[PDB]
Structure formats: C-alpha cells, structure tokens
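Engineer: Right, I'll just put the structure down here and ask away after.
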Amino acid sequence: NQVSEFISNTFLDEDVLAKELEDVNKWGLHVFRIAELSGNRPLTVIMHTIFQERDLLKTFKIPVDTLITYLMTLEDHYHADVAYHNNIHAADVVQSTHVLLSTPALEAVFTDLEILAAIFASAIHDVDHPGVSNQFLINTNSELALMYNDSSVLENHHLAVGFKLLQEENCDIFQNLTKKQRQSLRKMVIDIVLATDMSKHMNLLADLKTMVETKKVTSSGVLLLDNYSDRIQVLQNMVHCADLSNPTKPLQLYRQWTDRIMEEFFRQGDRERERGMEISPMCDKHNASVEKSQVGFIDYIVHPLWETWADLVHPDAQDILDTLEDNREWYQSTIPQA
Ligand SMILES: O=c1c2cccnc2n(-c2cccc([N+](=O)[O-])c2)c(=O)n1Cc1ccncc1
Ligand SMILES: [Ca+2]
Ligand SMILES: [Mg+2]
Ligand SMILES: [Zn+2]
C-alpha cells in the first residue's frame, strides 16, 4: 500500500587501496572500503582507475593532472551530509556502468566517445543532490523547481553543475576533443542523466523491452545497434540499471545501501513533519515496513528491469540476476510476523 504508493509516485510519469582497486572489473566491488582507504575519495580513485584501464587519457589526450583536478572538484560537490546521494553512490554507479560496458554481448559495439560519455554521465548524475526528491522540491515551492519548471528538476541541475565544473582552471577534461566530438558527448550525456529521472522508469523499461523484441546479433552473437536512437537507448538503460543495481549486489553491500537510503528518506519526512506537510510514503520513521518495501521494490521495479537487461545481453547478466533473486529471498524471510 505505502509500498504501492511509493512505487506509483516515484517510478511513473596506498598499497591496500591498490589491491582493492584490482577488483574494479568485478560486480560487487567493496566500494565502502575503497572510500575508507582513499580518505573519502572513492569517485576520484575509481574514476582514475577506469580511465587508465580503458586507456581514455591517451585516446582523448587528457592530462592526468586535469583529470584529477576535475574529479576532486566534482567529488567536492557531492554533499558530505547526505546519507545516500553522495560521492560513494556516484563511485558505485560509475563502476557498475564500467562493468556493464565490458559485457561480452556488447563487445566492440560502442565507440570510445560513447564509453567516455556513459562513464562521465554516471560520475556527475547526482552531483549537488540536496538529499530530497523532485516532488519535495516541487511541493515546497523551491527555487530549483521554479527554475526548471517542475521537470526533471534535480537531473537538469546535476547536469548543469557537472558541466559548469569543467570551466574551472585546469578542469577541462574535454579540452582536446574536437568540436564535433564535444557536441556529440554533450548531447549523449544530457540524454543519459535525464534518463536517471526515476519517474521515467516505465518509459525506459518499455523501450528496453522493444530493443529485446527486435534484437539483432552478429554471427558471433554480439549485439547489433546500427542507429543512434538505439545506442543512446541502450546507454540510458545501462546507466539506469547501474543506478538501480543495489539489490543485485552482494547482500552486505545491499544492506548498507538500504540503510542509507531509508535514513535519507526519514530525513526528508522529518522536514515534511516540521512543515506540517503530509509525510511521503517510506519517509515516516515511525511507520516504515522496510523488509516488505524491498520485496515490492524488487518484484515490481528492479527484477523487471534486470530481467529485460539480462535478456538483452544473454547470458552475461545471469549471476547478477541470481544474486538479486537470492537477495529478494532473504528480505522475504525477514518479513516480520504477528
Ligand atoms: O536505489 C534504490 C534503493 C536502493 C536500496 C534500497 N531501497 C531502495 N529504494 C526503495 C526504498 C524504500 C522503499 C522502496 N519501495 O519500493 O517501497 C524502494 C529505491 O527506491 N531506490 C531507487 C531510488 C533511489 C533514490 N530516490 C528514489 C528512488
Ligand atoms: Ca564494502
Ligand atoms: Mg538521481
Ligand atoms: Zn543515482
């Protein structure tokens, strides 16, 4: 019910560190550990690793100094105090995108500019998040909502901040891209981050299902994507899967994310209570069925998405999907009884 209402109102329209960074290609990287070892700089060290690993600095003539400055600055603009939508969630999504990009079924499909674009999109997609929803911002007549006219209010903001930070001294990581390259990347990045607006979930999902229904493959079984709308769609869904990936992670990672999000939600609901507003679903700490809420979230949102993605990249996502089902199974066993 409040699970039903949440859903309907959200998804509808130096040595140790290096050893841990060796898991950069693995689903279920200990991102919270990397955060601790890096002095709360997971996004920087993770992003830097991915860029060396994918050879992106040579390809795009990005000086490492420029990459590191930009990343440190970007990471600075994620909020200290926000429990979920912080630099660790950013790092997490980036590295999840990284792994999904490297999937066999997608081998040699995307250009380096597209790879660069999905990884950058990931890195910036929640920057300067205040730890409250679009609907909160809309209902409280906030300056951000006025500015962007009630539409993808936060996702427009993240975009604007992430590109704005390029303009600082020695931060222009796209300096050696051509004008054509730069426009192409800018377009792709905007399309992706705006696709992270949760309210678009069902729209995205419908499209992904059509991509699977109309799937064409080479004789070696690799995905054939011959138009821009098809390839940007695949990257939107990929980055959206990365964003709804927490339930698909090893359970000790999953439980931390769940705790952190609930604490961000309760933090909002406190604000709603101080303002005399009706507290949003899943935001009332005095009345929140967490276990049940996760079984619903998986059943109606996460598994549908991931099951379709798994179809698209068959069988590259099977272990991911097996973890998700096991996780669902755990939370189910934990549902409190009278
Ligand atoms: O990634 C997670 C998420 C990650 C871990 C745990 N739970 C999450 N939930 C969640 C939390 C409480 C209740 C429900 N529900 O469906 O009733 C879902 C979520 O909605 N998302 C996606 C999301 C993240 C941030 N804002 C809105 C939605
Ligand atoms: Ca960990
Ligand atoms: Mg977001
Ligand atoms: Zn996010």
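Heads up, residue numbers simply count up from 1 along the chain you see.
Cβ coordinates come from backbone N, Cα and C, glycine included.
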Engineer: Looking at Swiss-Prot, which one out of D207, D226, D230, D243 binds Zn(2+) 1 in the same site as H89, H125, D126?
Structural biologist: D243
Engineer: Where 48 intervening residues lack coordinates, what is the integer distance in angstrom between the Cα of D13 and that of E14?
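Structural biologist: Cα to Cα across the gap: 46 Å.
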Engineer: Cα of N246 (AMP binding site) to Cα of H125 (Zn(2+) 1 binding site): how many Å, rounded?
Structural biologist: 16
Engineer: Name the one residue among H85, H125, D126, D243 whose Cα is closest in three-dimensional space to that of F297 (3',5'-cyclic AMP binding site); these are the recorded positions.
Structural biologist: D243
Engineer: Among all protein chains shown, how many Cβ atoms are found within 10 Å of the Cβ of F297 (3',5'-cyclic AMP binding site), not counting that one?
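Structural biologist: Here the count is 23.
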Engineer: Of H89, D243, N246, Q294, listed as binding-site residues, which ones have a Cβ less than 6 Å away from ligand 3?
Structural biologist: none
Engineer: If you measure C-alpha to C-alpha, which of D126, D243, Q294 (binding-site residues) come within 10 angstroms of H85 (active site, proton donor)?
Structural biologist: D126
Engineer: Counting across all protein chains present, how many other Cβ atoms fall within 10 Å of the Cβ of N246 (AMP binding site)?
Structural biologist: 24
